[PDB]
Structure formats: structure tokens, C-alpha cells
Amino acid sequence: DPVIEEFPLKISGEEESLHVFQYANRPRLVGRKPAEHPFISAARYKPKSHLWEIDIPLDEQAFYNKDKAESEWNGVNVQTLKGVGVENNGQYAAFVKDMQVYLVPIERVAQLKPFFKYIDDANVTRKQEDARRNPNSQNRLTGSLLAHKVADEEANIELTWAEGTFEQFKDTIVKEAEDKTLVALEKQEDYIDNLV
Amino acid sequence: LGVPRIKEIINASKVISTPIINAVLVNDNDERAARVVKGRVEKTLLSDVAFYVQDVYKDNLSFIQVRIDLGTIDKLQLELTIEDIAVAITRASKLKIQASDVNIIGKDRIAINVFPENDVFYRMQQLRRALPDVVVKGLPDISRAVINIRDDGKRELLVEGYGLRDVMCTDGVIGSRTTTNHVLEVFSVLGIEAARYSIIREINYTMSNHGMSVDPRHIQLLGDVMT
Amino acid sequence: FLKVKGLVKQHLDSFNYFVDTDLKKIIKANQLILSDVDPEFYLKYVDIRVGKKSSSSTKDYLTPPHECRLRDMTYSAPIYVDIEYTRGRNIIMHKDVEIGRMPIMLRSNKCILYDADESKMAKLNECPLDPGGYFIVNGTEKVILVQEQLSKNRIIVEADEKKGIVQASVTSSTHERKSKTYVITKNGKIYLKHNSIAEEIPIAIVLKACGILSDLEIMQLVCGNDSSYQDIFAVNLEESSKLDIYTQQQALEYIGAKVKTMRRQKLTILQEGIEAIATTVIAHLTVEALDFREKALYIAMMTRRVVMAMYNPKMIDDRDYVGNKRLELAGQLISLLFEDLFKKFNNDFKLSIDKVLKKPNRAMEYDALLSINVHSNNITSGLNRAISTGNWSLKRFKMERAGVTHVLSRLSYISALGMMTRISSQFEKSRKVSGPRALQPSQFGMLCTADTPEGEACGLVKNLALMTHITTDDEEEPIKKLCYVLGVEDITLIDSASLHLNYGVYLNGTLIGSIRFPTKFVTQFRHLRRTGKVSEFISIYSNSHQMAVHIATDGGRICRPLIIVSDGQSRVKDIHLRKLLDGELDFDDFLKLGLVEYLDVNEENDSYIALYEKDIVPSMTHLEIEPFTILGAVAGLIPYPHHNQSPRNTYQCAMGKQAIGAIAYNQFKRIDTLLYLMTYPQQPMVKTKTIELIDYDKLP
Amino acid sequence: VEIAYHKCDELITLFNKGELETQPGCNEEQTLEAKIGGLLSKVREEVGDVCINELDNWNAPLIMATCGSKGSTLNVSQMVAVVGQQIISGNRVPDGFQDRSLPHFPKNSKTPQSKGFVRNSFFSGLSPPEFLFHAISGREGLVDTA
Amino acid sequence: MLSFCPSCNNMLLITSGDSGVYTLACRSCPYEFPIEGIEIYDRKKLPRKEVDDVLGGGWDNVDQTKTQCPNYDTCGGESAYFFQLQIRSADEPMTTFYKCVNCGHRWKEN
Amino acid sequence: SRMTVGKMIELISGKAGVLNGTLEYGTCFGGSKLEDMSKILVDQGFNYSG
Amino acid sequence: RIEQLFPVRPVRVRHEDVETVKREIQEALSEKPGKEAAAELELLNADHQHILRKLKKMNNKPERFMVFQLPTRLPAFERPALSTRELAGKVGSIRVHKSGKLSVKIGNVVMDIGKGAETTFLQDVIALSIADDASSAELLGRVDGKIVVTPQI
DNA sequence: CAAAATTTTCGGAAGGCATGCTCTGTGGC
DNA sequence: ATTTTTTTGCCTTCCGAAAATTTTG
RNA sequence: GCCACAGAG
Ligand SMILES: CCC[C@@H](C)[C@H]1CC[C@H]2[C@@H]3[C@H](O)C[C@@H]4C[C@H](O)CC[C@]4(C)[C@H]3C[C@H](O)[C@]12C
Ligand SMILES: [Zn+2]
Ligand SMILES: [Zn+2]
């Protein structure tokens, strides 16, 4: 019942807007060791629709099938992953700084799944080229239709991808979470009284 | 039995519920003879006589390999061989296969080759999922077979199915004493005059099980009007 | 218990829940009215009340029920609606606008006979022992009978072995829309069919229409790590490749190309497919954004249940199970009728407004409310008709039910008591033994084991037990937040590959997330229920075969109170019983103290109930309050019924409603079409506790 | 009845362990059900036979059974002695709940009292589970007649 | 054959191609896996249920005979346990089951 | 043929109750026991079985 | 490195063994270098030990994150009452007892801790900036595990 | 020998029937 | 102009589609 | 008059 050691828990970063990516296809562990992180070449994020789009260049030397891509897919050599940032409440991304656990609120979590925009582009180009040879007050949209329309019309934002920024983030999080200590107010039973 | 049996007898029902063929064995006091006769009428699927079915792809040739076993065949004592399994595979018309493709490798292996923009993969997947459900021995309509020891101690072989002629033509089964509760089957095999006895006997048995005690002259009249 | 929750009061409760709460839901479903001509015109129903003005302190006068009986009138109270609209250029609001007359149930909170002493009953020529719970329409007293249906918003898995197919059906029922969806097996493949979709859609295509775009994700969600499920389901993965659909837009095109849904506005085929997936495929699950995870997981769970049914046919759901059946009372039926009536009223009012507004010769905008009454009577008329004729025809929901209401039988006191609390089965034409007509063991304590008629309706129409309660609908969002707090990882951030490695959580049949420790979660939720932090009619039960914990919140579930047993000791002690007999510590205090709790059939499945105190082993979970609950009100007249044969008890339940005796205290002030009275009635020499409890010895 | 219950419990133990011998045409569950049903029918017949031979002369149900005017030996045995096994559609009481008949019995219980055997006579009064099982059988008969 | 493309976790299919050589190809993304010199097989091990030897236990305490086993190139046993059984019609000869005592490999004749 | 022993128990319970002066109970899975009613009947000069 | 480009074969378990392999699979996914009540007690003790060693392992390791799952309404704290998103600084402590059990005390309420669902896929944390001068989204590390905190009731 | 006409076999859908026999009441259109 | 079902089984006739067989070149 | 349920054997 007595405690032998305690790890303090701190919360900081109320304006960081920290996201979490979740690749549906890329596994975490291969064999017994952590897998190599894929290299990201391009990132896009629609702000009002919270659509994330991540481009990963796949190897062309081994297992590429240059003929099919160069013929009917206009030579696509990258795989794109699309996801929607779902707002989840109560999720904190935490790290450790000398047995002190620092938590930063997570804004959205995105389920990135493979996207095949070149297939749709080829389909619509085929439809246009086969329809133009021989052809043969209205905004009441609400709900999912309006969301799809506003996601389609709004343009992507070419985000500048970067790596190795963790040290500055850790410094500002530790600095922001070291000056203040908050005193407890609610009783143990009063917390259980409402929203258990 | 009871009222549904009367209902399905008095009309010419081509298919009934629980049809039973009571074959009388030539040798009735040996369990081994009864079991080896049962092996000739009870259907045995490919899955009952095979270790594995697999699909193999090579540099330019694609096939399906089946490994049958001989220990199970020997212990159950089926009069079945490897070439019999091959010709039974070919006789399954729903698989769309012919004898030119089926080949024998070793004493256990059977290879079913496939030759031809994506048809070969679909056709081999269909063949792989349909192959272990073919019938290599037994009658195609017999659901199951059991060996019943009667009151006097002699054994009879009674089956669920619609192949009366194939049961009574099977060696080891006396064809002159094999009967069926189904009536149109008896009409097709033995004629109308045996169908009349089948109607009369089945209705009389159904009435006597419940102890209704009806005089069988009424039953004879009903059978004569039906036939 | 019979002083608070009762047996006849159940109907009352539903009507109360219809008047105080559910009318607001019906209004807010379709509260807004637009105009075709003028875009600035809008009408907004902001509130609704029955039999009370917002201005007057005292409720408005109503004719007494006996006066309505004598004069062939309708016992009813006006419906008052607060309406905001535009008259010219300024928004104006008007309260207490009458749009019809709701026929009120007797002895409800809107009746004149509510909580009235015997002297006031004598002043109004009404018997104090009248059960109430019926509607006086045109002088005739009609009872809206209890309807029995399959559980709504739940997956029901059934199979036809003689036809060889399996299916999983969901009957989505929500105030916005009602629909039915099927996931069926055909030719070894799995398809999804709906009334709006013209052709059956392969399950891979409809799963790709949602957020899932990987075949590995589909196969991992449907099957998981089990090899046999993968072998069964791998055929359906090839139909996505055969029909060259690989992206979400392609599947949406394919689905929307074959939708028969007529729409007022012309809509794009892609947008039609998005609408069909969002609102039509599964009606009670809606998506307001680009995320389709909940719908995808619902369809995947249905497909997994279908696959598990195909692997072995013993994993189907029993339609005759009481936990799979829900009971519609008068409140739910009047709600589902008033929804149609209000939709027709809104359509007619919008047509009238468009007709008047198309005339441009009027400089001054007119008052729309002046044209309420010329439509409003229709509501009342239709309402009265749906209780008078008993025919129940609603083309919006394709519902053609008949015999919903019945003329209240007045052959005896127990006859009128047993006409109340009567269940009408869904399958009225089932002539098969051991189907819906069998007495399921699941109805022990919920439905009467003896009260059923002899004849063509034997086993179909049935009566409630003595000590039962029928759950009313209540909000589920606090329960959802409590689930998220208690340790349930949300469905939008868990792995699709490892979803079947641990227990899932199903709120009202919808997969809300995953739980690492199911037993601790169930114990904590039961502790919160027994303490009083959540509603006592919320049901928690863990199904180990499906690896799920189900939380049921919606109404229509049959419940039954039971004494809790902990550590081999009954939680109800002698001091509690002494307090209850002395006058304090009533049944509600028993509920708050955690001594008794309500168990429905599904929670009774995950339980172990002791019949008597002497039979308690340490493994028991609950204790029976009293056994003769399993016999209903009509069956309670039989003395020593456990010494009899069951058909004798059934015949007594049939013939007790035809016995000649005293009807009510005002039987000589009543003018009924046929009334048999006995000159010298006597109370029985051999009584029953049920006889005393239902006051049968007062009017024998 | 105690001897029959002990033997039935022994068969349940053998079935649960897995060394239960099977009938020539039946599986484990089928042969267990057949053996238990035969044992319970035998014990009902034995108790009925020891009941009928003891009733004295000028016993009205016995006289009415001897005449054939009304009733039978089975009805007298059910009124005075054990009612017997309740049979629904040729089998015992089906599992209405998950892997059990009633919540008043443990899960995976196949004891005679948990699947439709009424120890009590009609004179001694039926317990609530026996009452429910007898109601199930009577309802099946009523529906069949209807 | 149940395999999935590692790039996009979509199902892999086998096509003939222009060269006539089969490859594991993905219809969604540009990925192929040639199988020249590589074996691929998806084995479906069918379940095996125990079967009782319907002729076992019958070669105990029976007369012997001098019949050479058909596997003469592997062994030269002569004494074999033999017995007679009628498994056919009554107008055709009653068959003989006989097993070698050294090599097993039981066989029958008419 | 109908086996209504509960009817005989009702008759004896009613007889003993009307001789004793109190209404009796035929409550399911309980009620007034037969031995008490036989004792009441035999104390009043009637046969125990009614 | 090209071994990852081999056609992935999904995990297949026989139907009779699917309920038994779940322990082995659940332990293999992490790959560290009442009968149901007792089983969950053992699982909770193992989870507590695993959380302790995983917390000790990632001390001061760059680009190493672990996702906490706290209740959406934290206990109220006195203003320097405060909104749930307005908390800053130290709020509580993770405590280890002699039995090896771990408990998270926030304010004045003690709560449990468990490692929750086991994910088989890769997760990383991405900061985001929507500055009009230059919009950037820098990677900060990978998520290694997840813990869940539930009230002690 | 294999292309083309003729015939047979085989499915799924479309129809139909059954869902007792009599008898006594009411209530609403 | 969004949108449930509300028994269960048995039987013959029709009618393309595909398979089987014969018949022309 | 047509439907609709309600009962009786
Ligand atoms: C998969 C099940 C098929 C089944 C319904 C088919 C396949 C075999 C068929 C029977 C045989 O043909 C022999 C008979 C022929 C007579 O003409 C009519 C009756 C007869 C008993 C047939 C009835 C029926 O047609 C059967 C049982
Ligand atoms: Zn791919
Ligand atoms: Zn040899």
C-alpha cells in the first residue's frame, strides 16, 4: 500500500495542434524489430474539411511494372494515402523527461488509407473522351452531400514537410510546464458524483 | 409418420421428407461384410479420402495437386483406386474439366492442370473451392447409411436417399427383398402394381403406429383409386 | 411495486412519455417549413403541449369521461403549438395555437381522473377500481393493445436450411427515417439488399463505398485470425476484382447507378450514391462528414455474423427469444401515427402557403396562422379514426396493420383488467407448432405462462406477468460519454486487424469501440447503475460467443425487478422489510439503496437467480422477489394452480373473462350495449394474493 | 428418483470428460439424451408400478381406470406419484437461454431437474421450474390440437 | 491462393500477360511479383477424422497359408494369415482376405 | 383424465376456512397447507379428507 | 529491405485454436525485449509491469511518444473551475506500489491504468501550422504503445 | 473436322392453391 | 416525391440460357 | 350491404 516511487504527470501545449497519423497498411513491427519509417515526399491538408493526403515514393527498381503505369496510369511512381481527421477527446501524446511524463493534447487522429486518384482521373478522362465523340436555388444540399461538395471545391495546401523538430518542441513543452503547479480542488467522491 | 405421412402419400409427391431404403444383406451375420457393403452405397466425398488440395503455380504452368491417402481407403475398405478417383473427378460436369487435364503423379498425387485477361486465376480458384466436394464413390443421392441389428440378430443396411435401383443392383444386397417407403420411386423401378402395395402398406403402417385400427379394405380401395 | 410501477400503469407511462417528451422529438424532426416562392418565408414549431395553455395557470376544462360515454363524445384535450413565422418583414411568434385534439388516455397525467380520491370519482360518476388506460372515442372505450415486434436497431441473424441461405436483417427505426436492410447469402457469396437499391450489391463493393479501401482490411474485419471464416469469405473478395471497382468513388458510382429513390431535385450519380450510403443503407446510423467508420464497422459486423452463421448453423438468432422482441405500447404507436399525420399536415399547409404566395396582387403579406384550422381538424379526424376503426394504414412506412385497438370487454371486472396488458404477436398467420406459438422458457416472469386463448389464436396473443415493467426511451449520449470515460477505446482510433483480439462494446447494437477488460467494465457499470448514477433501466450483458458487451438503452424492453445477492447473502435484510412494512423505505428507496434491480431477458441470460432464500449458493447473482409473478392477473384467480394440469389453467384463463358478476361501482349509471350482472355476488372462499392485489374480491 | 439422478449425473460426468460410449447410429449428445430419457422413463414406470399396486380397493381413480370409463393408470400415477419427464417435440426441454433452460440453473446444466423432469406429484404441488416445463408441454399440446 | 499486395494491402491476382508467364500482379497499384524459379502454393489441409479398421482384429487365432506376398522384391515371406468372407452375391465365389506376417500390406482376392 | 387435485385442495381449504371463519389462500407455489385444514376439519367433527 | 515487398500472407489460425492463441498473439504484438476475474487480474498485473518497464525504457529518448487516454472531464482545478483544455503544469502522479500495481492519482482521485488495445500498425505524431506566410507540418516522433486511465469506482 | 441448325436439359421466376367445419355477437365506413 | 414486415409449404407451367446431339458443308 | 376484429364447440 505505501508507494515506493512516483512519476509526476504534467500537461502543456494548449495551442500546439498536434495530430496523429495512422497508416492502415504500413505495419509497426516486421519480424521482431520496429520497421523502417517510410519517406514522405509531399503533404497536403484541406483546412476546413480536415483531409490529409500523404505521398510516399515507392521503389521503381524492384517490383514496379513500368509498362502498366506508363500506359494507363501516366507513370505514377508514388503511393498516396488519404485520411480524415476525426476529433477525439481525451487523447494525449506523452513523452518522458527524467521520470516526468509530459502530455500534449491530440487534436485529431487520421486513419490514412491508400488512395487511387490516378484511377479516377483515368476513368473521368475516358468518360469525357467517349462522351464528346458522340453525345446521346439549386443548393439545398445538407449533411454529407454538402461536406463532399465543399471538400471537392476547396483546394489543397502544399505543406512544407520537415523532420527533426522534436528538440524545440520538447524544449518549449518542458519550459511551459515547469513554472506552474496546480492545487487540487475537487473531492474524490465529488468526481464520482458526476460524469463518472 | 402420422398425418403428414398420409398427406405426402395420398398425393404424388416426387420428393418427401426422410425417405428410407431397407436393403437386406446377402450375408447378414458378419459385421465386416455389412460394413464393406455399406461402403459401396454410402457416398464418400473427396475430402474424406484426401490429405490436401492445393493450387500450384510454376514458371509457365499452373495446376491443382491433390494428395489422396491409402490408409483411410484400406481401413474403411472401399473398392476405390487412384484411377477411379481420377475418372470420378472427370465425371463431375459442373467443374468443367476433361480427362486430358487429369494426370497421376506417384501412387498418391493427382494433378489437374489449367490452360488458358484474368480468367485462369478465377477458374482455378473456382476449381480449388469446388474440387474437395466431388463424389468419388457411392450413390449421389444417398444422404447416409446405417447398419441396423434387428430383433433376431441379423443385420440389415438401411439408407436415406432416392436411389432404390442402385441399392438393389449393388452386389451384396438382395435385390428381391429391398423396399422403400417412397412410393413414386417404387413405381418407377418396379411398376404400378408394386406402387399399389407400397401405398397400401405405407398407409396401413401409418394407421397402425397410432393404433387407429382401420380395416385395410378401405386402404386397398384408396390404393386402387390412385393406381 | 404495484403502488408505483403497477401492471396497468405501463400503458399510462408510455402515454406520459408520448405527451411530455416524445411530441417534442416528433416536432423537432420536421419543425421547419419553407416556401417555394418566397425564400425569406419560414415557419418554425418551437414547442408543443397537450391540454394546457402557456398563459393559463389552471389546465383547461374537459368533459368528464362518463359524460363522453353517455353523449357519444370523444374524451380529448387540445394540442397547443408555439409557432414562429414571418408576417411581412418582421419575425413574429404566437403561442397556444390549436392544431388538433389529442384523445387523452384515462388516468394519465392529462386526465381529470389523475390522482383523484374516491369522493371525486363519485362526483364524476367514475369507478375508483377502473383500471384506466383506454381512450373514449365516439362513446366507445377502445384499448390500444400492446404490439410485439422484432427488436429495432439490432442485427437479427436467421437461416433457411431447406433453402440453404442465411441472412442478417436490421430494422432501423428513428424519428428521421425508418428502413430495413438485409445482408444475405446467395450462391455462396454475400450481398447487401435494400428496398431503395434496385439490385443486390456485393459486400466488398458496399464496404469499399465506406471509408475502407483495402481488401486486407475488409477480410481482417469480417474474419480476423480464424482460417475457416477466411476460407468462407474469400469468394467475396474476388467480386470486387471481377467488377473492376477499386476506389471509393467507383463503388459510390456503382451503388448510385441503381437507386430507385425518387428525389425532388435532380442529383448527381456520385452524390446519389453518397446519399444512399449515408442515409438509406442503414437508416439509424447517419454520417454528417466524410468519415464512414461507424457505418463500415456496422456492415462488417453484419457480414461477420453472416459468416459465423454459414460456418455452423447453430450461431443464428432465435426470433422467438424474448430478448430479441420489443413491445410497442400505446405511446409509441400514437407517436408513429402522429408523425405521419403531422407530415401530411405540414405538406398541406406548405401547399396552401405556396398557393396563396403565388398570387402577386396582394401588397400586404397575409397571416398564415389564420389558415391553420381549415387543415387542423384533419389531424383530429385522422387521429380519432385511427383509434375508432382500428385500421392502421400508413403508406410512408409501408405499414398496413389491422386490429391495433380493441373494444374494451365489459363482461367482468377481470375481463376488463385482462383486456389491458395483452400482447399482439407479429406473425398472425403462423400455423406451425413450436414456432411463435410455443411457450418459450425465456418468458419466465415476463409473460404469463397460462393466459392464452384456445382456438386459432393459441400461442399468438399473450398476456403480461404480474410484476413487470416496460422500458421507455431515454438519451444515450451520457451513456456514450460514460463508456468513453470508463476505458473504451473509440472505434475511430483502434486497429482493424486487432479488433477481434479483445471484447467489443455495443451501445444499442452499434459498435462503439473496444474494451480491454470486459468483466471489470461490466462490474463498474452495474455498480454505477445500482448506486444511481445512470438510469436503472439501462441493461448491461456480456455475450462471450460474440466477444461483446451490450448496453441497451432504448425502450420497449420487458423488465423485471429482482433482489440482488452478493457473497452468498441476500442484500434485502429483515430491517429493510421492517422499514418497508412500517411505512418508510418504499420500492424507489429499495432501488436507490441498491437492494433490488431491474433485469431484462438479455441480462437474465448473464445471471444466476435463486428461487428461494434456502437455495442460495455462493455463485448466485440474484434472488426472486416472489415466484407467482410468473402467473398474470387473470391467471391469479386459480386456487392452487400448481396442483393442476396446464390446459386446465389455460381454459380457466379463457373462461374467467366470461364470468357473470359485478362490473364497477357505477355499473347502474352506465349505459352499455350488453352488460351481464349478478344479483348476489360472493367473494371466493379460497383466495389468492393476486386476487387481493388486483381488487378482485371487491367486485367478485 | 435419487438413484436415477445419481446415475444420470454419472453419465453427465462421462459426457463432459469425453469417455462416453456412443450408440451405433448416434453421436455423443444424442446417445446421452437417449440414455437419460430411457433411465427417466424407467424410473417413472417403476414409481408408477409401486404406486398402483399399493392403492387399496374402492379407490375411485383405480376403479375408473379398471372400468375404462375415464382415465388410465398413467394419470393415477401422475396424480399420486412422480409426474415424469416433460417431452417437447420428441426431445427434452430446449435451451431457451444460452446453454441452459432457465436462469435458475447453472450454465451447461443437463441434470434431469434442469431439463424437464418433474419429481413432484400433482398432489404435492409443482415447483416454479417444473410448473414452467409442464406449461410448455401443455401449450405444445394445445397448439397442436388447435 | 490468398495473398495481398504489400504496397496497398489489396488482393493480388495472377494474369498471363503478353509474355505468357504468370505473375502476382495488383490491379490497383503498379506492383508485380514474378514467379520464375519460385514456387507458390496455398495448401488447404482437409480435416482428417479417425476411422476404425473394419478388417482389423480379424487375423487373430486363424489358420495360416503358404502364399507369397506381392512385394517379392523387398521381402520373401511365405506364411500368411488367411480367412474367408462372403461380401458378394451367393452365386459367385466367396472372397479371401489374407495378410503377410512379415511386411503387412494387406490384400484380398476372390 | 384432467387431474385437478387443486380443486380438491380448494374444497378442503374452503370447508376448513368456513368452519374456522377466515378466508383461505390458494396462492401459487404456496398458500394454505393441507395439514392445517385437515386439523381444522377434524377439530370441528368432520373427516380430515372432506 | 526488399523482404517487405514480398506478398504479405495474412495471419491464419485454426478455428479450434483461435480462443487459445489470443494470449500468444497479444504478447507477440508488443514483443518486449470467477475465472474471468482471475484472468483479468493476471492480465492487469502483467499490463502494470509492462507499462512500468516501457515508461522506464523511453526516458529521454528522442522521437518517442506514447498515447495517453484520460477521461474527457478531468477533475476541477482551482484557477490561478478551469476548463478541461485549460489545464497546464503538473496535475498528478503515476505511483508504483510494492505489489507492482500502478495507480494514477490526479488531484485527489486515484485511477487505474491499462495498456489497452494492441495496434499492429505504425503511428506517428505530426505537428501542424496553418500560418499564411509559411504552412508547415513537422514530424515529431512515432507512437510506441498506448495507455488508458479509468476511474476507480 | 467443325460450323450451324435442331433438340434436350436445367435453372429461376411466375403463377396458383392450401392456410378446417359450423355458430353467436359488436363497431365503423 | 426519404422511408419496415407483419405464415409456410407444395405444385405445375413457362422461358430463356446453356448444354448436348445431329446435321450440313 | 361491405370490411374489421371479438368469442363459442
Ligand atoms: C438434389 C435433389 C434432387 C432430387 C429432388 C431428384 C434427384 C433424384 C430424383 C429422383 C430420381 O430422379 C428417381 C425418380 C424419378 C421419377 O421420375 C420421379 C421420382 C424420383 C424418385 C426422382 C424424384 C426427384 O426428382 C429426385 C429425388
Ligand atoms: Zn497494390
Ligand atoms: Zn510379405
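Here is how names work: the chains are called A, B, and so on, in the same order as the sequence lines, proteins then strands, and each is numbered from 1.
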Within the structure shown, what part of the strands sits under 4.0 Å from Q658(C) by heavy-atom distance: base, sugar-phosphate, or nothing?
sugar-phosphate
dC11(I) sugar pucker (north/south) via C1'-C2'-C3'-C4':
north
Phosphate oxygens OP1/OP2 of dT3(I): is one of them under 4.0 Å from a side-chain N or O of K180(C)?
no
Counting any heavy atom closer than 4.0 Å, what does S172(C) reach on the DNA or RNA strands: base, sugar-phosphate only, or nothing?
nothing
Do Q426(C) and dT5(I) share a donor-acceptor pair, side chain to base, under 3.5 Å?
yes
Does OP1 or OP2 of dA19(I) have a side-chain N or O of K96(B) closer than 4.0 Å?
yes
Residue mapping more 5' on DNA chain H - nearest nucleotide basis, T140(C) or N187(C)
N187(C)
Among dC11(I), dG28(H), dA18(H), the one nearest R431(C) by side-chain distance:
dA18(H)
Can you find a side chain N or O atom of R177(C) that sits less than 4.0 Å from OP1 or OP2 on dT3(I)?
no
Does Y122(B) have more than 12 heavy atoms from other residues, nucleotides or ligands lying within 6.0 Å of its OH?
yes
5'-to-3' dot-bracket of DNA chain H (Watson-Crick, G-U; under 3.5 angstrom; crossing pairs as [ ]; | other strand):
|......||||..|..|...||||..||.
Base, sugar-phosphate, or nothing: which does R437(C) touch, judged by heavy atoms less than 4.0 Å apart?
nothing
Below 4.0 angstrom, which residues in residues 377-404 of chain C have at least one non-hydrogen atom near DNA chain H?
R385(C), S388(C), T389(C)
For the side-chain contact (heavy atoms from CB on, under 4.5 Å) test, which of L127(B), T90(B), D133(B) pairs with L95(B)?
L127(B)
